[PDB]
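Here's the structure we're looking at; comments come further down.
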Amino acid sequence: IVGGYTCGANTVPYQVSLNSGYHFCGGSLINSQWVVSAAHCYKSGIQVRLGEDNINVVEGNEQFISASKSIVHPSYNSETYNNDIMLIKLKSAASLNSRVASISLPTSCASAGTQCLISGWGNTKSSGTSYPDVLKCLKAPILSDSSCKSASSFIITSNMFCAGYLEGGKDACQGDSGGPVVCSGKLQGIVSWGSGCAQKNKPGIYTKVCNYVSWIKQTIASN
Ligand SMILES: N=C(N)c1ccc(C[C@@H]2CCCC[C@@H](Cc3ccc(C(=N)N)cc3)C2=O)cc1
Ligand SMILES: [Ca+2]
């Protein structure tokens with residue numbers, strides 16, 4: 001997260017860190033047994049880390065639980081990032097508490113201008129590299145598709161939205177991948193892609209979760 005702020009320990013209790021010996025992606029807890037992340041975060045050997053703030057220090061509220069199954073969206077395309085979404089089932093149910101909590105799925109989509117909270121342990125620099133150890137947060141509005149497309153020349157689909165600031169300085173970044181965009185209490189986005197971070201006319205691109213709620217619900221019910 002570039003140009004954000006330190007969230008405060010466990011103030012985003014649905015945020016998880018996916019760990020394969022090191023943090024490599026974010027994710028969102030959606031019930032005690034399931035996490036939602038980006039399909040581009042797919043790999044084997046995922047341990048889900050819940051209740052984290054400092055990912056390098058055991059602070060006392062963590063739960064580490066291995067993934068039993070990962071399900072990449074049936075139509076994920078790794079070239080275009082269309083349908084950039086994946087479910088991860090936990091080997092054992094998380095113990096839900098004030099620091100480990102699920103986030104509600106949308107009942108409808110969010111509209112341009114709605115403010116959202118984006119969070120993660122990704123790079124905090126627009127130039128070069130610095131990785132934080134504590135969770136970072138950013139408030140950012142959804143942008144209209146038309147303004148996003150004209151400003152950036154990005155090719156996006158109806159399954160993506162843009163959020164952030166066209167002037168630059170505030171954005172998600174590498175390492176935030178797979179993490180939450182929460183708007184008005186609902187998980188509307190997943191950190192998906194972009195160009196650089198916090199660059200002018202290059203806003204963040206997010207998977208449009210409202211389009212996938214039916215798939216999420218049916219997949220969880222059947223697995
Ligand atoms: N055409 C595409 N769909 C496309 C373009 C570039 C990339 C690679 C890169 C690098 C590889 C890791 C995935 C992803 C990480 C990322 C996340 C957020 C932001 C941001 N909000 N500024 C930037 C980058 C990315 O966009 C992937 C997909
Ligand atoms: Ca920790």
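Chain labels follow the order of the structure tokens: the first chain is A, the next B, and so on; residue numbering restarts at 1 in every chain, and ligands are counted from 1 in their shown order.
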*asked:* Taking only C-alpha atoms and all ligand atoms into account, which residues have an atom no farther than 9 Å from ligand 1? I'd like them as a ChimeraX atom specification.
replied: /A:1-2,40-41,77-82,84,122,126,154-156,162-164,170-178,191-199,202-206
*Pick out each residue of stretch 70-115 of chain A that DSSP on the backbone tags as strand (DSSP E); I need them as a ChimeraX atom specification.*
/A:70-72,86-90,115
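The closest residue to residue A:137, picked from A:101, A:210, A:55, A:181 and counting only C-alpha atoms, is A:181.
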_Expected answer as a count of residues only: residues within 7 Å of ligand 2, only C-alpha atoms and all ligand atoms_ = 9
*In stretch 50-180 of chain A, what's helix (DSSP H, G or I) per DSSP? Answer as JSON, numbers by chain?*
{"A": [145, 146, 147, 148, 149, 150, 151, 152]}
Keeping only N, CA and C atoms, take the residues you just selected and write them out as a PDB file, in the first residue's frame.
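Resulting contents of out.pdb:
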ATOM      1  N   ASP A 145     -15.704   3.613 -14.871  1.00  0.00           N
ATOM      2  CA  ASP A 145     -14.980   2.837 -15.886  1.00  0.00           C
ATOM      3  C   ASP A 145     -14.436   3.757 -16.964  1.00  0.00           C
ATOM      4  N   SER A 146     -15.259   4.707 -17.409  1.00  0.00           N
ATOM      5  CA  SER A 146     -14.865   5.558 -18.540  1.00  0.00           C
ATOM      6  C   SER A 146     -13.664   6.430 -18.216  1.00  0.00           C
ATOM      7  N   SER A 147     -13.652   7.051 -17.033  1.00  0.00           N
ATOM      8  CA  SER A 147     -12.519   7.890 -16.658  1.00  0.00           C
ATOM      9  C   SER A 147     -11.256   7.042 -16.477  1.00  0.00           C
ATOM     10  N   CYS A 148     -11.424   5.836 -15.932  1.00  0.00           N
ATOM     11  CA  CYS A 148     -10.307   4.945 -15.714  1.00  0.00           C
ATOM     12  C   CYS A 148      -9.679   4.524 -17.035  1.00  0.00           C
ATOM     13  N   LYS A 149     -10.529   4.080 -17.952  1.00  0.00           N
ATOM     14  CA  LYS A 149     -10.065   3.604 -19.252  1.00  0.00           C
ATOM     15  C   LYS A 149      -9.390   4.698 -20.064  1.00  0.00           C
ATOM     16  N   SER A 150      -9.987   5.885 -20.098  1.00  0.00           N
ATOM     17  CA  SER A 150      -9.385   6.997 -20.845  1.00  0.00           C
ATOM     18  C   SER A 150      -8.060   7.455 -20.244  1.00  0.00           C
ATOM     19  N   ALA A 151      -7.992   7.548 -18.912  1.00  0.00           N
ATOM     20  CA  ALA A 151      -6.756   7.974 -18.276  1.00  0.00           C
ATOM     21  C   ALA A 151      -5.611   6.976 -18.486  1.00  0.00           C
ATOM     22  N   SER A 152      -5.898   5.677 -18.385  1.00  0.00           N
ATOM     23  CA  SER A 152      -4.838   4.668 -18.257  1.00  0.00           C
ATOM     24  C   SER A 152      -4.477   3.918 -19.527  1.00  0.00           C
TER      25      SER A 152
END
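For the atom pair formed by atom CA of residue A:94 and atom CA of residue A:136, the distance is 22.9 Å, given to one decimal.
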_Of the listed residues A:142, A:90, A:112, A:135, that which approaches residue A:23 most closely, counting only C-alpha atoms_ = A:135
_Which residues are near residue A:13? Cut-off 9 Å, only C-alpha atoms, ignore same chain within fewer than 4 positions. Put them as a PyMOL selection string._
chain A and resi 9+28-29+50-52+97-103
Create the file for the chosen residues now, containing C-alpha atoms and written as a PDB file, in the first residue's frame.
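again.pdb written:
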ATOM      1  CA  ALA A   9      -3.298  -4.213  15.201  1.00  0.00           C
ATOM      2  CA  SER A  28     -10.242 -12.151   2.997  1.00  0.00           C
ATOM      3  CA  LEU A  29     -11.937 -14.469   5.472  1.00  0.00           C
ATOM      4  CA  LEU A  50      -5.173 -15.076  10.427  1.00  0.00           C
ATOM      5  CA  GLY A  51      -5.125 -12.500  13.236  1.00  0.00           C
ATOM      6  CA  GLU A  52      -1.859 -10.989  11.962  1.00  0.00           C
ATOM      7  CA  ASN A  97     -13.139 -13.714  17.625  1.00  0.00           C
ATOM      8  CA  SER A  98     -12.694  -9.916  17.633  1.00  0.00           C
ATOM      9  CA  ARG A  99      -9.312 -10.252  15.845  1.00  0.00           C
ATOM     10  CA  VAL A 100     -10.334 -13.058  13.421  1.00  0.00           C
ATOM     11  CA  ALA A 101     -13.625 -12.294  11.687  1.00  0.00           C
ATOM     12  CA  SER A 102     -15.350 -12.792   8.361  1.00  0.00           C
ATOM     13  CA  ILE A 103     -16.366  -9.997   5.956  1.00  0.00           C
TER      14      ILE A 103
END
